[PDB]
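Structure first, commentary second.
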Ligand SMILES: *[C@@H]1O[C@H](CO)[C@@H](O)[C@H](O)[C@H]1NC(C)=O
């Protein structure tokens with residue numbers, strides 16, 4: 001079994017430093033090129049950087065030249081990514097990966113396929129303090145829904161960091177509920193919404209509370225969604 | 001700068017024989033990889049050297065093509081094959097791009113659009129947010145265009161969409177409008193206009 | 001003797017010499033299973049002269065040399081006794097005496113580049129053919145006409161080394177091939193490189 005175990009991810013302020021680590025096992029590490037790939041929220045994968053088996057030739061993505069250094073200890077079967085001068089947009093999940101073929105000497109020379117991939121660490125570049133969300137209703141007014149379809153919900157606004165967990169009646173209202181993916185506002189705080197489509201007639205007269213839960217800040221709010 | 005191009009989405013049903021086309025920059029020759037990604041998870045090497053099945057990968061995946069036109073084909077689509085697929089030139093690390101989303105085919109269904117004004121309590125904090133739901137619509141591409149006093153809004157809206165619902169094979173959309181109570185006192189023409197395939201004409205609520 | 005011959009350093013060396021500057025590694029005082037050498041993997045060429053491959057598992061030699069370099073696929077045929085052409089004449093020449101083996105394999109996946117890799121060179125011009133096993137690394141400007149070049153490139157004055165352009169669009173005659181040439185030397189001396197059986 002080839003394995004690649006990543007560590008070192010976490011939360012850092014703009015300008016800070018982080019060091020990532022990718023412990024390798026199950027193969028002759030020093031013979032394979034390795035690379036760091038990342039995925040910022042709502043964007044696609046991009047190669048951060050790469051390095052041939054010997055360490056003697058390395059590649060950097062333009063957005064990170066001068067700021068990141070890639071290296072390896074072939075003694076310890078470990079790949080690194082020293083990250084400096086981090087910027088907000090460096091926020092991503094960072095994977096490490098192994099080259100299928102062995103023996104490259106120059107990082108731009110040869111064919112580069114990546115068979116094994118680590119699980120990824122999350123890197124968060126932000127100067128937001130830990131903070132719990134605020135919950136607002138999503139207007140369950142009776143206008144425009146005199147039929148069997150009605151939409152209501154809650155609104156988990158202004159929290160950091162992720163995640164936020166939403167339940168409705170402690171997991172008893174499963175069908176019809178869509179918890180959206182959060183978004184990063186310009187304030188540096190996250191927001192999302194939890195909408196439930198319920199038959200407006202009764203389906204339980206006003207028997208609905210949204211069980212928001214923000215572990216980082218220890219926030220739990222049970223908000224009832226009444227017209 | 002990206003080196004490869006494949007369509008944004010392909011729609012298919014379990015059992016189907018699916019092909020994904022890929023056009024490469026010239027001068028790649030043989031060096032084309034296919035990668036599979038499930039959301040949040042690390043990508044997986046499916047095919048290398050444009051036609052070689054990678055170890056451990058199901059035989060229903062196969063790769064063909066010469067020159068600049070390549071194609072991944074999935075003979076017998078399984079439910080676990082819905083993911084995003086990338087064709088990747090295997091030299092000088094090109095960016096991945098949007099890839100091809102492999103989603104479930106389904107009859108075209110229009111969204112049940114809802115409009116929600118800002119809260120009382122949030123207007124005590126000094127800010128207002130307007131929410132326009134789009135519930136259970138199949139063709140994922142959609143337009144939602146806010147209208148303040150019949151003038152179009154820009155750069156003040158944020159969207160987020162769920163992955164294809166397991167049950168009803170539809171998508172959902174939320175769009176949020178950001179407004180301060182200072183700028184919220186020139187108001188009361190607040191509309192959400194959805195341009196969607198399931199609707200013969202754009203709908204406003 | 002007892003310890004295994006270091007063929008891995010030659011065959012799996014990460015970077016190969018240009019053919020004009022071809023490298024030579026001396027193999028001594030070791031034991032060499034040649035059936036495993038076959039079985040490393042996927043050699044597009046494994047040709048022997050003056051010896052049977054099914055027999056040098058049983059043979060000893062005074063010394064064994066291993067020459068390596070990179071060339072085009074359609075030139076591998078020039079690595080044999082009695083061949084002519086740019087590689088045989090001007091870069092690397094086997095004798096008609098040759099008792100050894102020529103081993104080669106496609107190295108597109110390590111030596112090509114998308115816009116072409118121009119770092120592997122060959123000698124294109126020379127005033128006479130190379131002698132067997134002779135090596136020329138000189139870069140005098142080549143006087144193809146009657147005018148003394150005096151070290152400056154002119155119309156009949158060419159720099160003697162020319163670049164392969166290894167690019168993956170090439171297709172096999174022009175893709176790079178890594179070549180290893182094993183010489184088996186029976187010199188007036190003790191044998192030190194033996195097969196595992198003998
Ligand atoms: C070359 O390297 C690989 C592993 O790095 C090994 O499997 C193979 O046998 C090696 N070849 C020789 C001739 O040692």
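Every residue number used here counts from 1 along the chain in the order it is shown.
Recorded method for this deposit: X-ray crystallography, 2.5 Å.
Placed from the backbone N, Cα and C atoms, the Cβ positions cover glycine too.
According to Swiss-Prot, the protein has these features:
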| type | residues | note |
| --- | --- | --- |
| DISULFID | C:5-C:30 | disulfide bond |
| DISULFID | C:48-C:101 | disulfide bond |
| DISULFID | C:60-C:194 | disulfide bond |
| DISULFID | C:149-C:157 | disulfide bond |
| DOMAIN | C:3-196 | domain 'BetaCoV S1-CTD' |
| CARBOHYD | C:12 | N-linked glycosylation site |
| REGION | C:106-177 | region 'Receptor-binding motif' |
| REGION | C:117-125 | region 'Immunodominant HLA epitope recognized by the CD8+' |
| REGION | C:124-159 | region 'Disordered' |
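Within the chain, the region 'Disordered' (C:124-159) has long-range Cβ neighbours (under 8 A, six or more residues past its boundaries) at 20-22, 67, 86, 88-95, 97-98, 183. Closeness to ligand 1 is met by none of the disulfide-bonded residues C:5, C:30, C:48, C:101, C:149, C:157, no Cβ falling under 6 Å from the molecule. All protein chains considered, the CB of residue C:194 (disulfide bond) has 21 other CB atoms within 10 Å. The Cβ of residue C:60 (disulfide bond) has 17 neighbouring Cβ atoms from other residues within 10 Å, across all protein chains displayed.
Neighbour counts were taken at the CB atom with a 10 A radius for the disulfide-bonded residues C:5, C:30, C:48, C:149, C:157; the maximum falls on C:5.
Spatially, by CA atoms, the recorded positions C:12, C:60, C:149, C:157, C:194 include one closest to residue C:30 (disulfide bond), and that is C:194. Each residue of the region 'Disordered' (C:124-159) gets a DSSP state, and the totals for helix, strand and coil are 0 helix, 5 strand, 31 coil. For residue C:101 (disulfide bond), the same-chain residues lying six or more positions away in sequence with a CB closer than 8 A to its CB are C:46, C:47, C:48, C:49, C:51, C:53, C:181, C:182. When the recorded positions C:12, C:157, C:194 are screened for a Cα within 10 A of the Cα of residue C:5 (disulfide bond), the ones that qualify are C:194.
Comparing Cα positions, residue C:12 (N-linked glycosylation site) lies closest to C:194 out of the disulfide-bonded residues C:60, C:149, C:157, C:194. Proximity to chain A (CB-CB distance below 8 Å) holds for C:12 among the recorded positions C:5, C:12, C:60, C:157, C:194. Following the DSSP three-state reduction, the secondary structure of residue C:5 (disulfide bond) is coil. In the three-state DSSP reading, residue C:48 (disulfide bond) counts as strand. With respect to their backbone Cα atoms, residue C:149 (disulfide bond) and residue C:60 (disulfide bond) stand 51 Å from each other.
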